[PDB]
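Peer 1: Input structure: final.cif, which contains mmCIF, C-alpha atoms.
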data_model
#
loop_
_atom_site.label_atom_id
_atom_site.label_comp_id
_atom_site.auth_asym_id
_atom_site.auth_seq_id
_atom_site.Cartn_x
_atom_site.Cartn_y
_atom_site.Cartn_z
CA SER W 328 -8.95 -2.59 1.63
CA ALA W 329 -10.24 -1.42 5.02
CA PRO W 330 -8.00 1.67 5.08
CA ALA W 331 -9.12 2.70 1.59
CA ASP W 332 -12.79 2.20 2.45
CA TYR W 333 -12.39 4.06 5.75
CA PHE W 334 -10.65 6.95 3.92
CA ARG W 335 -13.59 7.21 1.53
CA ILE W 336 -16.05 7.20 4.44
CA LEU W 337 -14.08 9.89 6.28
CA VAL W 338 -14.11 12.12 3.20
CA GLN W 339 -17.88 11.77 2.82
CA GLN W 340 -18.36 12.50 6.52
CA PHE W 341 -16.00 15.48 6.24
CA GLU W 342 -18.08 16.97 3.43
CA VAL W 343 -21.26 16.63 5.49
CA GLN W 344 -19.57 18.24 8.49
CA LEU W 345 -18.34 21.15 6.36
CA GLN W 346 -21.89 21.81 5.16
CA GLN W 347 -23.35 21.62 8.66
CA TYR W 348 -20.65 23.68 10.40
CA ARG W 349 -20.77 26.29 7.65
CA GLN W 350 -24.39 26.99 8.52
CA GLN W 351 -23.85 26.83 12.28
CA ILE W 352 -21.05 29.39 12.04
CA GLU W 353 -23.03 31.63 9.69
CA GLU W 354 -25.83 31.80 12.26
CA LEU W 355 -23.34 32.61 15.01
CA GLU W 356 -22.06 35.48 12.87
CA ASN W 357 -25.27 37.34 12.03
CA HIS W 358 -25.65 37.55 15.82
CA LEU W 359 -22.47 39.58 16.17
CA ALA W 360 -22.70 43.04 17.73
CA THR W 361 -20.07 45.14 15.98
CA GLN W 362 -18.99 48.70 15.18
CA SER W 366 -14.57 50.09 14.24
CA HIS W 367 -15.52 49.33 10.66
CA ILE W 368 -16.21 45.65 10.40
CA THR W 369 -19.64 44.52 9.47
CA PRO W 370 -21.03 41.02 10.06
CA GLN W 371 -20.93 40.71 6.27
CA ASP W 372 -17.17 41.35 6.25
CA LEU W 373 -16.70 38.52 8.73
CA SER W 374 -19.07 36.28 6.78
CA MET W 375 -17.11 36.77 3.55
CA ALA W 376 -13.85 35.99 5.33
CA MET W 377 -15.34 32.86 6.91
CA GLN W 378 -16.63 31.75 3.52
CA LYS W 379 -13.10 31.83 2.11
CA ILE W 380 -11.84 29.84 5.09
CA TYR W 381 -14.47 27.22 4.21
CA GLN W 382 -13.21 27.25 0.64
CA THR W 383 -9.68 26.52 1.87
CA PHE W 384 -10.92 23.52 3.86
CA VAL W 385 -12.74 22.11 0.83
CA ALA W 386 -9.59 22.57 -1.27
CA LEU W 387 -7.41 20.85 1.34
CA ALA W 388 -9.71 17.84 1.55
CA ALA W 389 -9.67 17.47 -2.23
CA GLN W 390 -5.89 17.81 -2.32
CA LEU W 391 -5.44 15.12 0.31
CA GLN W 392 -7.82 12.82 -1.59
CA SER W 393 -5.61 13.32 -4.67
CA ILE W 394 -2.49 12.52 -2.63
CA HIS W 395 -4.21 9.33 -1.48
CA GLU W 396 -5.10 8.40 -5.07
CA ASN W 397 -1.57 9.12 -6.27
CA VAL W 398 -0.15 6.87 -3.56
CA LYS W 399 -2.44 4.16 -4.96
CA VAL W 400 -0.94 4.83 -8.41
CA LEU W 401 2.54 4.60 -6.88
CA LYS W 402 1.70 1.16 -5.45
CA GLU W 403 0.36 -0.03 -8.82
CA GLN W 404 3.56 1.10 -10.50
CA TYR W 405 5.67 -0.69 -7.85
CA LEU W 406 3.74 -3.89 -8.56
CA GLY W 407 4.09 -3.39 -12.30
CA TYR W 408 7.85 -3.00 -11.91
CA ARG W 409 8.18 -6.00 -9.60
CA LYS W 410 6.22 -8.17 -12.03
CA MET W 411 8.46 -7.10 -14.90
CA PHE W 412 11.64 -7.58 -12.86
CA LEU W 413 10.49 -11.16 -12.11
CA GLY W 414 9.96 -11.87 -15.81
CA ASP W 415 6.18 -11.67 -16.08
CA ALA O 331 12.39 31.80 4.66
CA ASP O 332 10.00 29.09 3.49
CA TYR O 333 11.50 26.08 5.18
CA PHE O 334 8.88 23.70 3.83
CA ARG O 335 9.89 24.62 0.29
CA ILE O 336 13.53 24.15 1.32
CA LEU O 337 12.71 20.61 2.50
CA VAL O 338 10.82 19.81 -0.71
CA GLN O 339 13.73 21.05 -2.85
CA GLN O 340 16.07 18.79 -0.89
CA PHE O 341 13.72 15.85 -1.44
CA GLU O 342 13.68 16.65 -5.15
CA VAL O 343 17.49 16.65 -5.27
CA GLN O 344 17.47 13.29 -3.48
CA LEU O 345 15.14 11.97 -6.21
CA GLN O 346 17.68 12.99 -8.83
CA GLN O 347 20.57 11.41 -6.95
CA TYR O 348 18.80 8.15 -6.10
CA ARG O 349 17.49 7.84 -9.65
CA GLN O 350 21.09 8.05 -10.86
CA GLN O 351 22.26 5.48 -8.30
CA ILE O 352 19.55 3.12 -9.52
CA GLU O 353 20.56 3.84 -13.13
CA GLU O 354 24.02 2.53 -12.21
CA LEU O 355 22.41 -0.63 -10.84
CA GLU O 356 20.39 -1.00 -14.04
CA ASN O 357 23.67 -1.66 -15.86
CA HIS O 358 23.76 -4.95 -13.94
CA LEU O 359 20.40 -6.19 -15.20
CA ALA O 360 20.54 -9.19 -17.55
CA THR O 361 18.50 -9.92 -20.69
CA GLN O 362 16.86 -13.37 -20.64
CA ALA O 363 14.23 -14.80 -22.99
CA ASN O 364 10.65 -14.42 -21.78
CA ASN O 365 7.06 -14.46 -23.04
CA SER O 366 6.77 -10.70 -22.51
CA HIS O 367 9.97 -9.71 -24.35
CA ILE O 368 11.21 -7.76 -21.32
CA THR O 369 14.59 -6.01 -21.53
CA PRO O 370 16.67 -3.93 -19.09
CA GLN O 371 15.53 -0.89 -21.09
CA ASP O 372 11.87 -1.67 -20.32
CA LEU O 373 12.73 -1.92 -16.62
CA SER O 374 14.59 1.39 -16.74
CA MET O 375 11.53 3.07 -18.25
CA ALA O 376 9.20 1.56 -15.67
CA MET O 377 11.53 2.82 -12.94
CA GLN O 378 11.57 6.33 -14.36
CA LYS O 379 7.75 6.20 -14.42
CA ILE O 380 7.80 5.51 -10.68
CA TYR O 381 10.09 8.51 -10.25
CA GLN O 382 7.65 10.73 -12.14
CA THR O 383 4.98 9.81 -9.59
CA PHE O 384 7.39 10.80 -6.78
CA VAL O 385 7.90 14.13 -8.58
CA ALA O 386 4.13 14.65 -8.78
CA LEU O 387 3.64 13.71 -5.11
CA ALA O 388 6.31 16.10 -3.82
CA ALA O 389 4.90 18.97 -5.90
CA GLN O 390 1.38 18.20 -4.65
CA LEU O 391 2.61 18.23 -1.04
CA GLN O 392 4.12 21.67 -1.67
CA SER O 393 0.73 22.80 -3.02
CA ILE O 394 -1.03 21.54 0.13
CA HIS O 395 1.46 23.36 2.35
CA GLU O 396 0.73 26.53 0.36
CA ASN O 397 -2.94 26.14 1.29
CA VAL O 398 -2.07 25.57 4.95
CA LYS O 399 -0.18 28.87 4.73
CA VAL O 400 -3.26 30.51 3.23
CA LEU O 401 -5.37 29.03 6.04
CA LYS O 402 -3.05 30.52 8.68
CA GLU O 403 -3.28 33.96 7.03
CA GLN O 404 -7.06 33.70 6.80
CA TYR O 405 -7.28 32.74 10.49
CA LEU O 406 -5.13 35.72 11.48
CA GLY O 407 -7.22 37.98 9.25
CA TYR O 408 -10.51 36.82 10.75
CA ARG O 409 -9.11 37.04 14.28
CA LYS O 410 -8.02 40.63 13.68
CA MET O 411 -11.47 41.54 12.37
CA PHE O 412 -13.30 39.84 15.23
CA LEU O 413 -11.10 41.44 17.89
CA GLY O 414 -11.52 44.92 16.40
CA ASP O 415 -7.96 44.99 15.06
CA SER E 452 13.67 -20.88 -15.32
CA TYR E 453 14.20 -17.16 -14.99
CA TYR E 454 16.98 -16.33 -12.54
CA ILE E 455 17.10 -12.88 -10.95
CA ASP E 456 19.43 -11.31 -8.38
CA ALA E 457 17.35 -10.60 -5.27
CA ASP E 458 20.20 -8.62 -3.67
CA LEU E 459 20.06 -6.24 -6.62
CA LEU E 460 16.29 -5.86 -6.29
CA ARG E 461 16.79 -5.15 -2.57
CA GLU E 462 19.36 -2.43 -3.34
CA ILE E 463 16.75 -0.74 -5.55
CA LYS E 464 13.99 -1.19 -2.95
CA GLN E 465 16.09 0.43 -0.21
CA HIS E 466 16.36 3.63 -2.25
CA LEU E 467 12.63 3.79 -2.87
CA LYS E 468 11.85 3.03 0.79
CA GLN E 469 13.87 6.07 1.83
CA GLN E 470 11.87 8.18 -0.63
CA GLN E 471 8.60 6.87 0.84
CA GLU E 472 9.88 7.93 4.27
CA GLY E 473 10.78 11.35 2.84
CA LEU E 474 7.23 11.81 1.57
CA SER E 475 5.87 10.69 4.93
CA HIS E 476 8.10 13.23 6.67
CA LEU E 477 6.83 16.05 4.50
CA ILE E 478 3.16 15.19 4.97
CA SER E 479 3.78 14.80 8.72
CA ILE E 480 4.84 18.45 8.86
CA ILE E 481 1.58 19.38 7.17
CA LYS E 482 -0.27 17.30 9.76
CA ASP E 483 1.62 18.96 12.62
CA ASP E 484 0.68 22.37 11.20
CA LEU E 485 -3.01 21.43 11.00
CA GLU E 486 -2.91 20.26 14.61
CA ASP E 487 -1.13 23.40 15.83
CA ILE E 488 -2.93 26.23 14.03
CA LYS E 489 -5.93 27.84 15.71
CA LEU E 490 -8.44 30.56 14.90
CA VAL E 491 -7.53 32.03 18.27
CA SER I 452 -11.93 49.57 25.24
CA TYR I 453 -13.33 47.07 22.74
CA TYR I 454 -15.43 44.28 24.24
CA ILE I 455 -15.94 41.01 22.38
CA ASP I 456 -17.61 37.73 23.33
CA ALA I 457 -14.78 35.22 23.68
CA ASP I 458 -17.31 32.40 24.19
CA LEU I 459 -18.65 33.01 20.69
CA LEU I 460 -15.22 33.22 19.10
CA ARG I 461 -14.26 30.02 20.93
CA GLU I 462 -17.39 28.28 19.61
CA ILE I 463 -16.38 29.19 16.04
CA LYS I 464 -12.78 28.15 16.77
CA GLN I 465 -13.92 24.73 18.01
CA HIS I 466 -15.85 24.02 14.83
CA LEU I 467 -12.81 24.83 12.72
CA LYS I 468 -10.59 22.76 15.03
CA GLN I 469 -12.76 19.70 14.46
CA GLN I 470 -12.33 20.20 10.69
CA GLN I 471 -8.57 20.49 11.10
CA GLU I 472 -8.66 17.18 12.98
CA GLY I 473 -10.59 15.61 10.13
CA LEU I 474 -7.90 16.53 7.65
CA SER I 475 -5.30 15.24 10.08
CA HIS I 476 -7.03 11.81 10.18
CA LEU I 477 -6.82 11.63 6.40
CA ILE I 478 -3.11 12.27 6.59
CA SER I 479 -2.68 9.50 9.11
CA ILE I 480 -4.13 7.01 6.66
CA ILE I 481 -1.81 8.25 3.89
CA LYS I 482 1.19 7.86 6.22
CA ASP I 483 0.10 4.27 6.87
CA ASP I 484 -0.16 3.72 3.11
CA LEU I 485 3.38 5.06 2.62
CA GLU I 486 4.76 2.84 5.38
CA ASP I 487 3.12 -0.27 3.96
CA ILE I 488 4.00 0.01 0.25
CA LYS I 489 6.86 -2.34 -0.68
CA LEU I 490 8.70 -2.67 -4.00
CA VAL I 491 8.99 -6.32 -2.98
#
Mind turning this structure into structure tokens?

Peer 2:
Amino acid sequence: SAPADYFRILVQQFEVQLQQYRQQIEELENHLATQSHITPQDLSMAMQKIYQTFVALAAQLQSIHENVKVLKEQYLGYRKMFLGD
Amino acid sequence: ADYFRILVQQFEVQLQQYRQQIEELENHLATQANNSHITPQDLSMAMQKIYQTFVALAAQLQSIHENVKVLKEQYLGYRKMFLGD
Amino acid sequence: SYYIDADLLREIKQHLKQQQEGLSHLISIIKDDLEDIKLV
Amino acid sequence: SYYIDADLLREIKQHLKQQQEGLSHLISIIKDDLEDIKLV
């Protein structure tokens, strides 16, 4: 279906964006003038984990999408059985 | 309090209740001869299978919310670092 | 012939539809959170 | 005092915001899926 194809395309585009933005932000960070006791490396590590959360969330939403597909298949299976086929 | 978890628990209770209401309706199903040898018991099983997918979906939504909570904490953490605490 | 009670099937469907709406509600909260949160 | 470049922080924030919006678009499609699924 169009929605399912568009979802797949959005996920691929999201992955690309994550890769690109990760680098763009990393370059913004090494240009930080700091020190307080927070090094650019401290910020970089924190940002890296933020990136990891975004990757996780995208994967989790993809799994939700797939499980809703399963749900639909099971609905159809039940309906078919209910109707004697 | 974690109000998202409260809402998920309520959804999970609704699953239990609605499953039982459907189980009452399943007593009204009739056995007729068919190529597939379908019985009310087969339908009941197929229905429960649908419910197991709802169970999985609700738990997965809770797990996504947990990551949104992590994201919020990470944002606050990075903000604090950037702003010199 | 294979006669089935469509009213009965509709009673079952109405329960499941409510559950679909419940899932949609939950994921809508997640969406609202992702739209509201900000680094600063 | 502790001076920080808010323009830079805002630039970082805007990148993350766009990613949040991406996730939110995925959710929208799932909500449409949940609205459209019918037992019959």

Peer 1: When you draw a straight line from CA of residue 366 (chain O) to CA of residue 415 (chain W), how long is it in Å?

Peer 2: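 Taking CA of residue 366 (chain O) as the start and CA of residue 415 (chain W) as the end point, the length is 6.5 Å.
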
Peer 1: Evaluate the PyMOL selection byres ((chain O) within 9 of (chain W)) here and jot the selected residues down as a PDB file with C-alpha atoms, keeping the file's coordinate frame.

Peer 2:
ATOM      1  CA  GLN O 362      16.860 -13.370 -20.640  1.00  0.00           C
ATOM      2  CA  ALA O 363      14.230 -14.800 -22.990  1.00  0.00           C
ATOM      3  CA  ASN O 364      10.650 -14.420 -21.780  1.00  0.00           C
ATOM      4  CA  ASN O 365       7.060 -14.460 -23.040  1.00  0.00           C
ATOM      5  CA  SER O 366       6.770 -10.700 -22.510  1.00  0.00           C
ATOM      6  CA  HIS O 367       9.970  -9.710 -24.350  1.00  0.00           C
ATOM      7  CA  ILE O 368      11.210  -7.760 -21.320  1.00  0.00           C
ATOM      8  CA  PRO O 370      16.670  -3.930 -19.090  1.00  0.00           C
ATOM      9  CA  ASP O 372      11.870  -1.670 -20.320  1.00  0.00           C
ATOM     10  CA  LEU O 373      12.730  -1.920 -16.620  1.00  0.00           C
ATOM     11  CA  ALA O 376       9.200   1.560 -15.670  1.00  0.00           C
ATOM     12  CA  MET O 377      11.530   2.820 -12.940  1.00  0.00           C
ATOM     13  CA  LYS O 379       7.750   6.200 -14.420  1.00  0.00           C
ATOM     14  CA  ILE O 380       7.800   5.510 -10.680  1.00  0.00           C
ATOM     15  CA  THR O 383       4.980   9.810  -9.590  1.00  0.00           C
ATOM     16  CA  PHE O 384       7.390  10.800  -6.780  1.00  0.00           C
ATOM     17  CA  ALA O 386       4.130  14.650  -8.780  1.00  0.00           C
ATOM     18  CA  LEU O 387       3.640  13.710  -5.110  1.00  0.00           C
ATOM     19  CA  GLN O 390       1.380  18.200  -4.650  1.00  0.00           C
ATOM     20  CA  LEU O 391       2.610  18.230  -1.040  1.00  0.00           C
ATOM     21  CA  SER O 393       0.730  22.800  -3.020  1.00  0.00           C
ATOM     22  CA  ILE O 394      -1.030  21.540   0.130  1.00  0.00           C
ATOM     23  CA  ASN O 397      -2.940  26.140   1.290  1.00  0.00           C
ATOM     24  CA  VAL O 398      -2.070  25.570   4.950  1.00  0.00           C
ATOM     25  CA  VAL O 400      -3.260  30.510   3.230  1.00  0.00           C
ATOM     26  CA  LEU O 401      -5.370  29.030   6.040  1.00  0.00           C
ATOM     27  CA  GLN O 404      -7.060  33.700   6.800  1.00  0.00           C
ATOM     28  CA  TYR O 405      -7.280  32.740  10.490  1.00  0.00           C
ATOM     29  CA  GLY O 407      -7.220  37.980   9.250  1.00  0.00           C
ATOM     30  CA  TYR O 408     -10.510  36.820  10.750  1.00  0.00           C
ATOM     31  CA  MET O 411     -11.470  41.540  12.370  1.00  0.00           C
ATOM     32  CA  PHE O 412     -13.300  39.840  15.230  1.00  0.00           C
ATOM     33  CA  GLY O 414     -11.520  44.920  16.400  1.00  0.00           C
ATOM     34  CA  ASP O 415      -7.960  44.990  15.060  1.00  0.00           C
TER      35      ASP O 415
END

Peer 1: When you look at region 460-466 of chain E with a cut-off of 8 Å (counting all atoms listed in the file), what residues show up, excluding the ones that are within fewer than 3 positions of it in the same chain? I need them as a list in words.

Peer 2: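 So, after excluding close chain neighbours, the residues are residues 348, 352 and 355 of chain O; 456, 457, 469 and 470 of chain E; 489, 490 and 491 of chain I.
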
Peer 1: If you measure from CA of residue 347 (chain O) to CA of residue 406 (chain W), what distance in Å do you get, rounded to one decimal?

Peer 2: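 Taking CA of residue 347 (chain O) and CA of residue 406 (chain W), their separation equals 22.8 Å.
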
Peer 1: Which residues, written as a list in words, have at least one atom at most 7 Å from region 473-484 of chain E, with only C-alpha atoms counted and residues fewer than 2 positions away on the same chain left out?

Peer 2: residues 341, 388, 391 and 395 of chain O; 469, 470, 471, 486, 487 and 488 of chain E; 475, 478, 482 and 485 of chain I

Peer 1: What are the residues of chain I that have an atom within 9 Å of an atom of chain O, counting only C-alpha atoms, as a list in words?

Peer 2: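 My answer is residues 453, 454, 455 and 460 of chain I.
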
Peer 1: Just to confirm, what's the straight-line distance from CA of residue 369 (chain O) to CA of residue 357 (chain O) in Å (one decimal)?

Peer 2: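 CA of residue 357 (chain O) lies at a distance of 11.6 Å from CA of residue 369 (chain O).
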